[PDB]
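Chemist: This is upload-v2.cif, which holds mmCIF, C-alpha atoms and all ligand atoms:
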data_target
loop_
_atom_site.label_atom_id
_atom_site.label_comp_id
_atom_site.auth_asym_id
_atom_site.auth_seq_id
_atom_site.Cartn_x
_atom_site.Cartn_y
_atom_site.Cartn_z
CA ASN A 701 -7.90 -103.72 77.30
CA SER A 702 -6.52 -107.20 76.50
CA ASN A 703 -4.87 -109.09 79.44
CA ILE A 704 -1.99 -110.46 77.34
CA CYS A 705 0.78 -108.69 75.35
CA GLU A 706 -0.16 -108.33 71.73
CA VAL A 707 3.33 -109.39 70.50
CA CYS A 708 4.37 -112.33 72.76
CA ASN A 709 0.87 -113.37 73.99
CA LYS A 710 2.02 -113.57 77.66
CA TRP A 711 0.71 -111.78 80.74
CA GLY A 712 2.97 -109.70 82.95
CA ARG A 713 3.62 -105.95 83.44
CA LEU A 714 1.51 -104.57 80.57
CA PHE A 715 1.00 -101.01 79.27
CA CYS A 716 -2.41 -100.45 77.79
CA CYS A 717 -3.23 -98.47 74.66
CA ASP A 718 -5.63 -95.55 75.24
CA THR A 719 -7.10 -95.63 71.77
CA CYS A 720 -7.54 -99.36 71.20
CA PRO A 721 -7.79 -102.49 73.38
CA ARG A 722 -4.22 -103.82 72.87
CA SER A 723 -1.63 -104.16 75.56
CA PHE A 724 2.19 -104.52 75.56
CA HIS A 725 5.15 -105.42 77.53
CA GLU A 726 7.49 -102.44 77.71
CA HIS A 727 10.18 -103.91 75.34
CA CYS A 728 7.71 -105.87 73.17
CA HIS A 729 6.25 -102.61 71.80
CA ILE A 730 8.48 -100.92 69.23
CA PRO A 731 9.53 -98.26 70.00
CA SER A 732 9.73 -99.28 73.78
CA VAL A 733 6.58 -98.00 75.59
CA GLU A 734 7.08 -94.29 76.25
CA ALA A 735 7.67 -93.17 79.95
CA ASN A 736 4.84 -90.67 80.23
CA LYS A 737 2.26 -89.54 77.55
CA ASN A 738 -1.34 -89.76 78.79
CA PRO A 739 -3.18 -90.68 76.70
CA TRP A 740 -0.77 -93.18 75.04
CA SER A 741 -1.46 -94.55 71.59
CA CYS A 742 0.26 -97.80 70.40
CA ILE A 743 1.99 -98.31 67.07
CA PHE A 744 -1.07 -99.98 65.57
CA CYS A 745 -3.09 -96.83 66.32
CA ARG A 746 -0.35 -94.52 65.02
CA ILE A 747 -0.17 -96.45 61.73
CA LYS A 748 -3.97 -96.29 61.32
CA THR A 749 -3.85 -92.49 61.82
CA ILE A 750 -1.31 -92.10 58.95
CA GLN A 751 -3.66 -93.97 56.65
CA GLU A 752 -6.71 -91.92 57.79
CA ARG A 753 -4.90 -88.60 57.33
CA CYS A 754 -3.84 -89.59 53.77
CA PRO A 755 -6.21 -92.18 52.26
CA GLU A 756 -4.28 -92.09 48.97
CA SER A 757 -1.26 -93.55 50.83
CA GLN A 758 -3.00 -96.92 50.33
CA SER A 759 -2.88 -96.75 46.54
CA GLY A 760 -0.39 -99.22 45.03
CA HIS A 761 3.34 -98.49 45.04
CA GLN A 762 6.35 -100.00 43.35
CA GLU A 763 8.83 -101.64 45.75
CA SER A 764 11.73 -99.91 44.07
CA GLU A 765 10.30 -96.48 44.93
CA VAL A 766 9.49 -97.57 48.53
CA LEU A 767 13.04 -98.78 49.13
CA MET A 768 14.59 -95.45 48.06
CA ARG A 769 12.49 -93.44 50.52
CA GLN A 770 14.41 -91.58 53.15
CA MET A 771 13.73 -92.60 56.73
CA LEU A 772 11.63 -89.58 57.70
CA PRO A 773 9.31 -90.02 60.77
CA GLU A 774 6.51 -91.80 58.88
CA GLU A 775 8.85 -94.29 57.16
CA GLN A 776 10.69 -94.87 60.49
CA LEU A 777 7.33 -95.72 62.05
CA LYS A 778 6.35 -98.06 59.25
CA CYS A 779 9.65 -99.97 59.58
CA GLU A 780 9.17 -100.18 63.35
CA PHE A 781 5.70 -101.63 62.83
CA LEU A 782 6.93 -104.12 60.21
CA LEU A 783 9.67 -105.25 62.67
CA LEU A 784 6.96 -105.61 65.32
CA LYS A 785 4.78 -107.73 63.03
CA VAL A 786 7.70 -110.18 62.67
CA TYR A 787 8.20 -110.38 66.48
CA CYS A 788 4.48 -111.14 66.71
CA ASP A 789 5.11 -114.59 65.18
CA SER A 790 6.37 -117.07 67.73
CA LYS A 791 8.90 -118.45 65.21
CA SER A 792 10.73 -115.13 65.46
CA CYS A 793 12.48 -116.60 68.54
CA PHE A 794 14.87 -118.36 66.23
CA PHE A 795 16.05 -115.10 64.64
CA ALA A 796 15.92 -112.68 67.63
CA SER A 797 19.29 -113.05 69.25
CA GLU A 798 22.86 -113.29 67.97
CA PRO A 799 23.39 -116.62 66.18
CA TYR A 800 26.49 -118.82 66.05
CA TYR A 801 27.57 -121.25 63.43
CA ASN A 802 29.25 -124.63 63.97
CA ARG A 803 27.75 -127.33 61.77
CA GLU A 804 29.63 -130.03 59.87
CA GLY A 805 29.56 -129.23 56.17
CA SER A 806 28.56 -125.55 56.51
CA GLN A 807 30.38 -122.30 57.00
CA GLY A 808 28.77 -119.34 58.80
CA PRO A 809 27.59 -116.22 56.91
CA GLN A 810 29.92 -113.38 56.14
CA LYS A 811 27.51 -110.90 57.67
CA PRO A 812 25.45 -112.26 60.51
CA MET A 813 22.18 -110.50 61.24
CA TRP A 814 19.41 -110.87 63.77
CA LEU A 815 16.15 -109.15 64.86
CA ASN A 816 17.53 -107.53 68.01
CA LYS A 817 20.37 -106.00 65.97
CA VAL A 818 17.79 -104.50 63.54
CA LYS A 819 15.82 -103.29 66.50
CA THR A 820 18.88 -101.50 67.92
CA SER A 821 19.76 -100.11 64.53
CA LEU A 822 16.27 -98.59 64.15
CA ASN A 823 16.39 -97.24 67.68
CA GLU A 824 19.77 -95.59 67.02
CA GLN A 825 18.53 -94.11 63.63
CA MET A 826 21.23 -95.97 61.68
CA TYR A 827 19.15 -96.46 58.55
CA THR A 828 18.87 -93.50 56.18
CA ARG A 829 16.53 -95.18 53.72
CA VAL A 830 13.91 -97.90 53.83
CA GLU A 831 16.26 -100.06 51.71
CA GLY A 832 18.76 -100.33 54.66
CA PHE A 833 16.18 -101.81 56.93
CA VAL A 834 14.68 -104.18 54.30
CA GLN A 835 18.13 -105.43 53.23
CA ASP A 836 19.10 -106.37 56.85
CA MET A 837 15.70 -108.05 57.37
CA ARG A 838 16.00 -110.13 54.19
CA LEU A 839 19.64 -110.99 55.09
CA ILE A 840 18.46 -112.66 58.28
CA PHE A 841 16.47 -115.26 56.28
CA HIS A 842 18.96 -115.57 53.44
CA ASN A 843 21.81 -116.38 55.92
CA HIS A 844 19.55 -119.02 57.52
CA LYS A 845 18.74 -120.69 54.18
CA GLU A 846 22.32 -120.82 53.12
CA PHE A 847 23.66 -122.21 56.43
CA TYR A 848 21.06 -124.91 57.01
CA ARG A 849 21.27 -126.21 53.40
CA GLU A 850 19.14 -129.33 53.16
CA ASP A 851 18.21 -129.60 56.83
CA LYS A 852 14.48 -129.28 57.25
CA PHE A 853 15.21 -126.43 59.74
CA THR A 854 15.70 -124.24 56.66
CA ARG A 855 11.90 -124.04 56.49
CA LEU A 856 11.76 -121.78 59.57
CA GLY A 857 13.54 -119.09 57.45
CA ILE A 858 11.01 -119.51 54.68
CA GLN A 859 8.16 -119.23 57.06
CA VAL A 860 9.32 -116.15 58.92
CA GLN A 861 10.37 -114.47 55.66
CA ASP A 862 6.85 -114.99 54.31
CA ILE A 863 5.47 -113.13 57.39
CA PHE A 864 7.93 -110.35 56.77
CA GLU A 865 7.10 -110.05 53.04
CA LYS A 866 3.30 -110.14 53.46
CA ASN A 867 3.51 -107.44 56.09
CA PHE A 868 5.96 -105.37 53.97
CA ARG A 869 3.47 -105.45 51.05
CA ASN A 870 0.56 -104.47 53.39
CA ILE A 871 2.30 -101.70 55.38
CA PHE A 872 3.91 -100.00 52.43
CA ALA A 873 0.88 -100.59 50.14
CA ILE A 874 2.90 -102.35 47.45
CA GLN A 875 0.88 -102.71 44.18
CA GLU A 876 -0.76 -106.09 44.00
CA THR A 877 0.42 -108.44 41.24
CA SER A 878 0.01 -112.03 39.90
ZN ZN A 901 5.30 -109.22 75.26
ZN ZN A 902 -3.69 -98.87 70.04
ZN ZN A 903 -4.19 -86.09 51.98
#
Taking this structure as input, can you express it in the form of structure tokens?
Ligand SMILES: [Zn+2]
Ligand SMILES: [Zn+2]
Ligand SMILES: [Zn+2]
Modeler:
Amino acid sequence: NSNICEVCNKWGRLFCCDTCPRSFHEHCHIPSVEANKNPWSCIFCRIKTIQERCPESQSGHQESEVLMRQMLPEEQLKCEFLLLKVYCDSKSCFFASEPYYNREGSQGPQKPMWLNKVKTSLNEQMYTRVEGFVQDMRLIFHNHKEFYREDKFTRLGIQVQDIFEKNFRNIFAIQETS
């Protein structure tokens, strides 16, 4: 196994996957690393199994159909993995915890949103469709763009949103376009 967490790239108290060489901090893995279960298989492994059991699941999809899917177990897992892929980027630090807004010339968003809040919402099964999860994720970056206006710090929103969108298109096998 790796000697650093796959998500945050730090050492510490790691749990090791039994079916691949990745390791995780307890609360870096999503869902949080399960108490027992020997062998234990990480989210990367579980996602690969879905694809292997149904190879046609990689054929192209329309985003509009993906968003209307109910959050059954497989869609729940895919959203968890997409959330995890965002946390994997170190720039996710800026969007993880509850923000506050006091900048001359700007007003805070009407509906603040942050990664840990999405994490809790997934954990508590608060989303009934994929659309719920994707809307909250995109709201994080949209709030950031609007608040920071012409400050160059707006670019962090652009950057982390691009990670989100690339991973959304990969995980849900969105039909490639020009
Ligand atoms: Zn970690
Ligand atoms: Zn694994
Ligand atoms: Zn099949």
Chemist: Could you tell me how far atom CA of residue 776 of chain A lies from atom CA of residue 793 of chain A, in Å and to one decimal?
Modeler: 23.2 Å
Chemist: Any chance you could tabulate, as JSON lines, the residues of chain A at most 12 Å from ligand ZN 902 (chain A) with each one's nearest atom pair and distance in Å to one decimal, using all atoms listed in the file, in chain and rising number order?
Modeler:
{"residue": "A:701", "atom": "CA", "partner": "A:ZN902", "partner_atom": "ZN", "distance": 9.7}
{"residue": "A:702", "atom": "CA", "partner": "A:ZN902", "partner_atom": "ZN", "distance": 10.9}
{"residue": "A:706", "atom": "CA", "partner": "A:ZN902", "partner_atom": "ZN", "distance": 10.2}
{"residue": "A:715", "atom": "CA", "partner": "A:ZN902", "partner_atom": "ZN", "distance": 10.6}
{"residue": "A:716", "atom": "CA", "partner": "A:ZN902", "partner_atom": "ZN", "distance": 8.0}
{"residue": "A:717", "atom": "CA", "partner": "A:ZN902", "partner_atom": "ZN", "distance": 4.7}
{"residue": "A:718", "atom": "CA", "partner": "A:ZN902", "partner_atom": "ZN", "distance": 6.5}
{"residue": "A:719", "atom": "CA", "partner": "A:ZN902", "partner_atom": "ZN", "distance": 5.0}
{"residue": "A:720", "atom": "CA", "partner": "A:ZN902", "partner_atom": "ZN", "distance": 4.1}
{"residue": "A:721", "atom": "CA", "partner": "A:ZN902", "partner_atom": "ZN", "distance": 6.4}
{"residue": "A:722", "atom": "CA", "partner": "A:ZN902", "partner_atom": "ZN", "distance": 5.7}
{"residue": "A:723", "atom": "CA", "partner": "A:ZN902", "partner_atom": "ZN", "distance": 7.9}
{"residue": "A:724", "atom": "CA", "partner": "A:ZN902", "partner_atom": "ZN", "distance": 9.8}
{"residue": "A:729", "atom": "CA", "partner": "A:ZN902", "partner_atom": "ZN", "distance": 10.8}
{"residue": "A:733", "atom": "CA", "partner": "A:ZN902", "partner_atom": "ZN", "distance": 11.7}
{"residue": "A:739", "atom": "CA", "partner": "A:ZN902", "partner_atom": "ZN", "distance": 10.6}
{"residue": "A:740", "atom": "CA", "partner": "A:ZN902", "partner_atom": "ZN", "distance": 8.1}
{"residue": "A:741", "atom": "CA", "partner": "A:ZN902", "partner_atom": "ZN", "distance": 5.1}
{"residue": "A:742", "atom": "CA", "partner": "A:ZN902", "partner_atom": "ZN", "distance": 4.1}
{"residue": "A:743", "atom": "CA", "partner": "A:ZN902", "partner_atom": "ZN", "distance": 6.4}
{"residue": "A:744", "atom": "CA", "partner": "A:ZN902", "partner_atom": "ZN", "distance": 5.3}
{"residue": "A:745", "atom": "CA", "partner": "A:ZN902", "partner_atom": "ZN", "distance": 4.3}
{"residue": "A:746", "atom": "CA", "partner": "A:ZN902", "partner_atom": "ZN", "distance": 7.4}
{"residue": "A:747", "atom": "CA", "partner": "A:ZN902", "partner_atom": "ZN", "distance": 9.3}
{"residue": "A:748", "atom": "CA", "partner": "A:ZN902", "partner_atom": "ZN", "distance": 9.1}
{"residue": "A:749", "atom": "CA", "partner": "A:ZN902", "partner_atom": "ZN", "distance": 10.4}
Chemist: Do you know which residues are within 7 Å of ligand ZN 901 (chain A) using all atoms listed in the file? Can you write them as a list in words?
Modeler: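 Using all atoms listed in the file, everything at most 7 Å from ligand ZN 901 (chain A) comes to residues 705, 706, 707, 708, 709, 710, 724, 725 and 728 of chain A.
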Chemist: Could you pull out the residues sitting within 9 Å of ligand ZN 903 (chain A), using all atoms listed in the file, and write them as a VMD selection string?
Modeler: chain A and resid 752 to 757
Chemist: Between atom CA of residue 844 of chain A and atom CA of residue 858 of chain A, measure the distance and give it in Å to one decimal.
Modeler: 9.0 Å
Chemist: Can you work out the spacing between atom CA of residue 758 of chain A and atom CA of residue 873 of chain A in Å, to one decimal?
Modeler: 5.3 Å
Chemist: Between A:738, A:703, A:820, A:843, which residue has the minimum interatomic distance to residue 861 of chain A, considering all atoms listed in the file?
Modeler: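 Going through A:738, A:703, A:820, A:843 one by one, the smallest distance to residue 861 of chain A is for A:843.
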Chemist: With all atoms listed in the file as the atoms that count, which of A:833, A:840, A:779, A:763 lies nearest to residue 799 of chain A?
Modeler: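 Of A:833, A:840, A:779, A:763, the one nearest residue 799 of chain A, counting all atoms listed in the file, is A:840.
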Chemist: With N, CA, C and O atoms as the goal, would you fill in the gaps in segment 807-818 of chain A and present it as a short mmCIF file (atom, residue, chain, number, x, y, z; two decimals), in the frame of the given file?
Modeler:
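As a result, result_36.cif now contains:
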data_model
loop_
_atom_site.label_atom_id
_atom_site.label_comp_id
_atom_site.auth_asym_id
_atom_site.auth_seq_id
_atom_site.Cartn_x
_atom_site.Cartn_y
_atom_site.Cartn_z
N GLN A 807 29.57 -123.37 56.51
CA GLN A 807 30.38 -122.30 57.00
C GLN A 807 29.38 -121.17 57.36
O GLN A 807 28.40 -120.96 56.63
N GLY A 808 29.64 -120.45 58.45
CA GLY A 808 28.77 -119.34 58.80
C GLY A 808 28.76 -118.18 57.77
O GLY A 808 29.64 -118.03 56.96
N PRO A 809 27.71 -117.34 57.82
CA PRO A 809 27.59 -116.22 56.91
C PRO A 809 28.69 -115.19 57.17
O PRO A 809 29.06 -114.89 58.35
N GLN A 810 29.04 -114.51 56.09
CA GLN A 810 29.92 -113.38 56.14
C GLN A 810 29.40 -112.24 56.94
O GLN A 810 30.21 -111.54 57.59
N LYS A 811 28.08 -112.00 56.93
CA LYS A 811 27.51 -110.90 57.67
C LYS A 811 26.32 -111.33 58.46
O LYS A 811 25.17 -111.30 57.95
N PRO A 812 26.56 -111.80 59.70
CA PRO A 812 25.45 -112.26 60.51
C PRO A 812 24.49 -111.12 60.79
O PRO A 812 24.91 -109.94 60.83
N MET A 813 23.24 -111.45 61.01
CA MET A 813 22.18 -110.50 61.24
C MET A 813 21.09 -111.15 62.08
O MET A 813 20.82 -112.35 61.95
N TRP A 814 20.44 -110.40 62.93
CA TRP A 814 19.41 -110.87 63.77
C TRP A 814 18.45 -109.78 64.15
O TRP A 814 18.81 -108.56 63.99
N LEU A 815 17.26 -110.14 64.63
CA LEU A 815 16.15 -109.15 64.86
C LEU A 815 16.53 -108.10 65.87
O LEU A 815 16.31 -106.90 65.68
N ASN A 816 17.15 -108.52 66.97
CA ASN A 816 17.53 -107.53 68.01
C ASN A 816 18.54 -106.52 67.53
O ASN A 816 18.53 -105.44 68.01
N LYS A 817 19.42 -106.87 66.60
CA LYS A 817 20.37 -106.00 65.97
C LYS A 817 19.66 -104.99 65.08
O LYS A 817 20.00 -103.80 65.12
N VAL A 818 18.67 -105.44 64.37
CA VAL A 818 17.79 -104.50 63.54
C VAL A 818 17.01 -103.57 64.41
O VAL A 818 16.95 -102.35 64.14
#
